[PDB]
$ cat coords.pdb   # PDB, C-alpha atoms
ATOM      1  CA  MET A   1     106.685  31.312  40.015
ATOM      2  CA  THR A   2     103.679  29.908  41.866
ATOM      3  CA  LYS A   3     101.856  27.430  39.627
ATOM      4  CA  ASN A   4      98.046  27.746  39.718
ATOM      5  CA  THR A   5      98.327  29.071  43.265
ATOM      6  CA  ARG A   6      94.906  30.637  43.766
ATOM      7  CA  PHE A   7      91.677  30.348  45.749
ATOM      8  CA  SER A   8      89.377  27.335  45.508
ATOM      9  CA  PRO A   9      86.472  27.438  42.995
ATOM     10  CA  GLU A  10      83.874  25.972  45.367
ATOM     11  CA  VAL A  11      84.521  28.489  48.146
ATOM     12  CA  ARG A  12      84.600  31.380  45.663
ATOM     13  CA  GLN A  13      81.305  30.419  44.010
ATOM     14  CA  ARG A  14      79.670  29.772  47.378
ATOM     15  CA  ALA A  15      80.981  33.131  48.608
ATOM     16  CA  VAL A  16      79.487  35.053  45.692
ATOM     17  CA  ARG A  17      76.292  33.050  46.152
ATOM     18  CA  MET A  18      76.003  34.019  49.826
ATOM     19  CA  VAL A  19      76.556  37.626  48.773
ATOM     20  CA  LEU A  20      73.533  37.432  46.476
ATOM     21  CA  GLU A  21      71.603  35.573  49.184
ATOM     22  CA  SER A  22      72.349  38.457  51.529
ATOM     23  CA  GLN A  23      71.632  41.071  48.832
ATOM     24  CA  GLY A  24      68.049  39.937  49.082
ATOM     25  CA  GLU A  25      68.176  40.954  52.736
ATOM     26  CA  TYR A  26      70.455  43.993  52.480
ATOM     27  CA  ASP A  27      70.088  46.248  49.450
ATOM     28  CA  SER A  28      73.238  48.099  50.443
ATOM     29  CA  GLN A  29      75.984  46.207  48.611
ATOM     30  CA  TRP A  30      78.734  47.356  50.983
ATOM     31  CA  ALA A  31      76.713  46.251  54.019
ATOM     32  CA  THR A  32      76.313  42.840  52.424
ATOM     33  CA  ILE A  33      79.942  42.283  51.400
ATOM     34  CA  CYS A  34      81.562  43.733  54.532
ATOM     35  CA  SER A  35      79.550  41.412  56.783
ATOM     36  CA  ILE A  36      80.124  38.166  54.868
ATOM     37  CA  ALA A  37      83.884  38.478  54.322
ATOM     38  CA  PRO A  38      84.978  37.812  57.995
ATOM     39  CA  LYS A  39      82.828  34.664  58.028
ATOM     40  CA  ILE A  40      84.420  32.998  55.019
ATOM     41  CA  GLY A  41      87.897  34.300  55.758
ATOM     42  CA  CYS A  42      88.501  37.009  53.191
ATOM     43  CA  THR A  43      88.540  40.784  52.851
ATOM     44  CA  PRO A  44      85.450  42.743  51.667
ATOM     45  CA  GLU A  45      87.641  44.248  48.962
ATOM     46  CA  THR A  46      88.503  40.830  47.532
ATOM     47  CA  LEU A  47      84.946  39.553  47.971
ATOM     48  CA  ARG A  48      83.739  42.581  45.988
ATOM     49  CA  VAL A  49      86.144  41.659  43.186
ATOM     50  CA  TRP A  50      84.750  38.118  43.077
ATOM     51  CA  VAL A  51      81.208  39.472  42.766
ATOM     52  CA  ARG A  52      82.315  41.913  40.061
ATOM     53  CA  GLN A  53      84.146  39.145  38.203
ATOM     54  CA  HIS A  54      81.078  36.930  38.507
ATOM     55  CA  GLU A  55      79.211  39.792  36.847
ATOM     56  CA  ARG A  56      81.603  39.598  33.894
ATOM     57  CA  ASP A  57      81.128  35.822  34.096
ATOM     58  CA  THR A  58      77.951  36.309  32.069
ATOM     59  CA  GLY A  59      80.080  38.165  29.533
ATOM     60  CA  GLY A  60      80.683  35.314  27.148
ATOM     61  CA  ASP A  61      82.246  36.098  23.784
ATOM     62  CA  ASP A  62      84.778  34.749  21.285
ATOM     63  CA  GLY A  63      86.368  36.234  18.181
ATOM     64  CA  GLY A  64      85.555  33.915  15.308
ATOM     65  CA  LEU A  65      82.976  35.000  12.765
ATOM     66  CA  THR A  66      82.289  33.181   9.511
ATOM     67  CA  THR A  67      83.137  35.438   6.573
ATOM     68  CA  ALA A  68      80.919  36.017   3.557
ATOM     69  CA  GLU A  69      83.301  35.669   0.629
ATOM     70  CA  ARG A  70      81.066  35.216  -2.409
ATOM     71  CA  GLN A  71      77.912  33.892  -0.776
ATOM     72  CA  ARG A  72      76.216  37.029   0.490
ATOM     73  CA  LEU A  73      75.121  36.594   4.099
ATOM     74  CA  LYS A  74      72.913  39.101   5.907
ATOM     75  CA  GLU A  75      74.375  41.411   8.544
ATOM     76  CA  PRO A  76      71.502  42.445  10.848
ATOM     77  CA  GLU A  77      70.928  45.630  12.831
ATOM     78  CA  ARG A  78      70.935  46.059  16.626
ATOM     79  CA  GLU A  79      67.281  45.092  16.918
ATOM     80  CA  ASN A  80      67.048  41.364  17.508
ATOM     81  CA  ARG A  81      63.344  40.932  16.794
ATOM     82  CA  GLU A  82      61.419  37.658  16.707
ATOM     83  CA  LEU A  83      61.243  35.479  13.575
ATOM     84  CA  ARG A  84      59.425  32.266  14.548
ATOM     85  CA  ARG A  85      56.090  34.065  15.007
ATOM     86  CA  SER A  86      53.830  33.458  17.996
ATOM     87  CA  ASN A  87      52.169  30.075  18.247
ATOM     88  CA  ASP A  88      49.091  29.712  20.433
ATOM     89  CA  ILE A  89      49.338  30.469  24.148
ATOM     90  CA  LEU A  90      48.429  26.812  24.671
ATOM     91  CA  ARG A  91      48.629  25.038  28.066
ATOM     92  CA  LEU A  92      44.908  25.704  28.373
ATOM     93  CA  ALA A  93      43.089  23.281  30.653
ATOM     94  CA  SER A  94      40.554  21.812  28.258
ATOM     95  CA  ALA A  95      40.061  18.173  29.164
ATOM     96  CA  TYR A  96      37.309  15.709  30.000
ATOM     97  CA  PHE A  97      37.688  16.133  33.767
ATOM     98  CA  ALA A  98      41.002  15.253  35.384
ATOM     99  CA  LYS A  99      39.019  13.823  38.278
ATOM    100  CA  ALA A 100      37.121  10.560  37.841
ATOM    101  CA  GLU A 101      33.350  10.966  37.792
ATOM    102  CA  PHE A 102      32.666   7.406  38.905
ATOM    103  CA  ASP A 103      34.691   6.070  41.811
ATOM    104  CA  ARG A 104      37.217   3.252  41.644
ATOM    105  CA  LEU A 105      39.636   4.005  44.468
ATOM    106  CA  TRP A 106      39.020   1.325  47.077
ATOM    107  CA  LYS A 107      42.779   1.277  47.495
ATOM    108  CA  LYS A 108      44.652   4.154  49.091
TER     109      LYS A 108
END

$ encode --input "coords.pdb" --output "structure tokens"
Amino acid sequence: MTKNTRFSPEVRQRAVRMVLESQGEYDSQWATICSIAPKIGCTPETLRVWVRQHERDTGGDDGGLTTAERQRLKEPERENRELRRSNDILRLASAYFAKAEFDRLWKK
């Protein structure tokens, strides 16, 4: 019956963020979650669910593939290998001195 009665997005995202922040400090996930929950005002069990859901947050998908009726498309394998082919590494500092040889800076 309750319409859109749920937790706030900001607090949830910030909660999960603080969990990750504290995962840097504590590698024991339970230690992390159990300590943060009483600060934000939630249970470690629920906070764990938020973190787990935020894991599946990266799981983006959608059923809607273009079908190859008469124009034969190519269905690839599992191996998503490169196609563009490596350019040069580039970004190489080859310039005519970034610093001025003769001075000009009388102004600071």

$ closest_residue --input "coords.pdb" --among "A:78, A:104, A:17, A:12" --to "residue 50 (chain A)" --atoms "all atoms listed in the file"
A:12

$ atom_distance --input "coords.pdb" --atom1 "CA of residue 23 (chain A)" --atom2 "CA of residue 8 (chain A)"
22.7 Å

$ resolve_selection --input "coords.pdb" --expression "the PyMOL selection byres ((chain A and resi 36) around 12)" --output "ChimeraX atom specification"
/A:14-23,26,29-35,37-48

$ atom_distance --input "coords.pdb" --atom1 "CA of residue 84 (chain A)" --atom2 "CA of residue 63 (chain A)"
27.5 Å

$ build_atoms --input "coords.pdb" --residues "region 29-63 of chain A" --atoms "N, CA and C atoms" --output "short mmCIF file (atom, residue, chain, number, x, y, z; two decimals), in the frame of the given file"
data_model
loop_
_atom_site.label_atom_id
_atom_site.label_comp_id
_atom_site.auth_asym_id
_atom_site.auth_seq_id
_atom_site.Cartn_x
_atom_site.Cartn_y
_atom_site.Cartn_z
N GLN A 29 74.98 47.18 49.04
CA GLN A 29 75.98 46.21 48.61
C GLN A 29 77.16 46.14 49.58
N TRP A 30 77.61 47.30 50.05
CA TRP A 30 78.73 47.36 50.98
C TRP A 30 78.39 46.65 52.29
N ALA A 31 77.18 46.88 52.79
CA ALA A 31 76.71 46.25 54.02
C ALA A 31 76.74 44.73 53.89
N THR A 32 76.33 44.26 52.72
CA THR A 32 76.31 42.84 52.42
C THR A 32 77.73 42.26 52.44
N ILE A 33 78.60 42.82 51.60
CA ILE A 33 79.94 42.28 51.40
C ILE A 33 80.78 42.35 52.68
N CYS A 34 80.72 43.49 53.36
CA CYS A 34 81.56 43.73 54.53
C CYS A 34 81.22 42.78 55.68
N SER A 35 80.00 42.26 55.69
CA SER A 35 79.55 41.41 56.78
C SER A 35 79.86 39.94 56.52
N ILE A 36 79.94 39.57 55.25
CA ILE A 36 80.12 38.17 54.87
C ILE A 36 81.60 37.78 54.86
N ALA A 37 82.45 38.72 54.47
CA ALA A 37 83.88 38.48 54.32
C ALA A 37 84.52 37.81 55.56
N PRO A 38 84.34 38.35 56.79
CA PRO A 38 84.98 37.81 58.00
C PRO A 38 84.47 36.42 58.38
N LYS A 39 83.39 35.98 57.75
CA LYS A 39 82.83 34.66 58.03
C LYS A 39 83.51 33.60 57.18
N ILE A 40 83.80 33.94 55.94
CA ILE A 40 84.42 33.00 55.02
C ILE A 40 85.94 33.02 55.17
N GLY A 41 86.47 34.17 55.56
CA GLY A 41 87.90 34.30 55.76
C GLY A 41 88.55 35.05 54.62
N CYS A 42 87.97 36.18 54.26
CA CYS A 42 88.50 37.01 53.19
C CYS A 42 88.24 38.48 53.50
N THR A 43 88.79 39.36 52.69
CA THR A 43 88.54 40.78 52.85
C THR A 43 87.37 41.22 51.98
N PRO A 44 86.60 42.23 52.43
CA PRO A 44 85.45 42.74 51.67
C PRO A 44 85.87 43.24 50.29
N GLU A 45 87.09 43.75 50.21
CA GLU A 45 87.64 44.25 48.96
C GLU A 45 87.78 43.12 47.95
N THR A 46 88.31 41.98 48.40
CA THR A 46 88.50 40.83 47.53
C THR A 46 87.16 40.18 47.19
N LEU A 47 86.28 40.12 48.17
CA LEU A 47 84.95 39.55 47.97
C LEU A 47 84.17 40.37 46.93
N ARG A 48 84.35 41.69 46.97
CA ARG A 48 83.74 42.58 45.99
C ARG A 48 84.24 42.25 44.58
N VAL A 49 85.53 41.99 44.47
CA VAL A 49 86.14 41.66 43.19
C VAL A 49 85.55 40.37 42.62
N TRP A 50 85.35 39.38 43.49
CA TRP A 50 84.75 38.12 43.08
C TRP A 50 83.34 38.33 42.52
N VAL A 51 82.56 39.16 43.21
CA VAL A 51 81.21 39.47 42.77
C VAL A 51 81.24 40.20 41.43
N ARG A 52 82.16 41.15 41.30
CA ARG A 52 82.32 41.91 40.06
C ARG A 52 82.76 41.01 38.92
N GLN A 53 83.66 40.08 39.21
CA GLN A 53 84.15 39.15 38.20
C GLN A 53 83.03 38.20 37.79
N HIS A 54 82.22 37.80 38.76
CA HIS A 54 81.08 36.93 38.51
C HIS A 54 80.01 37.66 37.69
N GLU A 55 80.07 38.99 37.70
CA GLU A 55 79.21 39.79 36.85
C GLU A 55 79.68 39.65 35.40
N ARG A 56 80.99 39.73 35.21
CA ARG A 56 81.60 39.60 33.89
C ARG A 56 81.67 38.13 33.47
N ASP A 57 81.25 37.25 34.38
CA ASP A 57 81.13 35.82 34.10
C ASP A 57 80.09 35.59 33.01
N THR A 58 79.02 36.38 33.06
CA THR A 58 77.95 36.31 32.07
C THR A 58 78.43 36.86 30.72
N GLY A 59 79.55 37.57 30.74
CA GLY A 59 80.08 38.16 29.53
C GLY A 59 80.83 37.17 28.68
N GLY A 60 80.08 36.30 28.01
CA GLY A 60 80.68 35.31 27.15
C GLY A 60 80.79 35.80 25.72
N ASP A 61 82.00 35.72 25.17
CA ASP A 61 82.25 36.10 23.78
C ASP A 61 83.46 35.35 23.25
N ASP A 62 83.64 35.40 21.93
CA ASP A 62 84.78 34.75 21.28
C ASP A 62 84.93 35.23 19.85
N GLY A 63 86.12 35.73 19.52
CA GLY A 63 86.37 36.23 18.18
C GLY A 63 86.53 35.12 17.17
#
